[PDB]
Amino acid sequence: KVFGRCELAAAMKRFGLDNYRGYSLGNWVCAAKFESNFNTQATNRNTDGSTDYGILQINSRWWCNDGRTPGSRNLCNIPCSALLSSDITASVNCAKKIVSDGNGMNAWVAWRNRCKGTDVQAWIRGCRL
């Protein structure tokens, strides 16, 4: 499922990401945008053999199990395929664990490189929230 900008914003708001750990909603929408382009089914393999899954591109080396990442930790306790679902609940729950791991949203390279320090409020403009 490819989310619409305001549609994703509302879903994230509903799940309680607005200002979660200090990060306003525009931050989360921006991360999703550059990580997966709002597509729940996005996958990206990394050089070390792990793969990123879903709208937030959660990595298999630590957070989920894809059965093909020797040394994976599966901290969110979920098969990676669950992050590809049209229902973003699993992704949101896992992301909440990730962002609380101590490095905040820097865990998402796209966020750090393209969202950090930008006017992230622009991402939720025009949306009824």
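Residue indices: 1-based, along the sequence shown.
Trainee: Return whichever of 104-112 and 12-20 has the greater mean Cα B factor according to the PDB record.
Mentor: That would be 12-20.
Trainee: Would you mind comparing 31-39 and 67-75 for me and telling me which has the higher average C-alpha temperature factor in the entry?
Mentor: For C-alpha atoms only, the mean B-factor is higher in 67-75.
Trainee: If you compare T89, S81, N59, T47, which has the highest Cα B-factor in the entry?
Mentor: Among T89, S81, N59, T47, the PDB entry lists the largest C-alpha B-factor for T47.
Trainee: Give the position of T51 by CA B-factor within its chain, expressed as the lowest, middle or highest third.
Mentor: CA B-factor rank for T51: lowest third.
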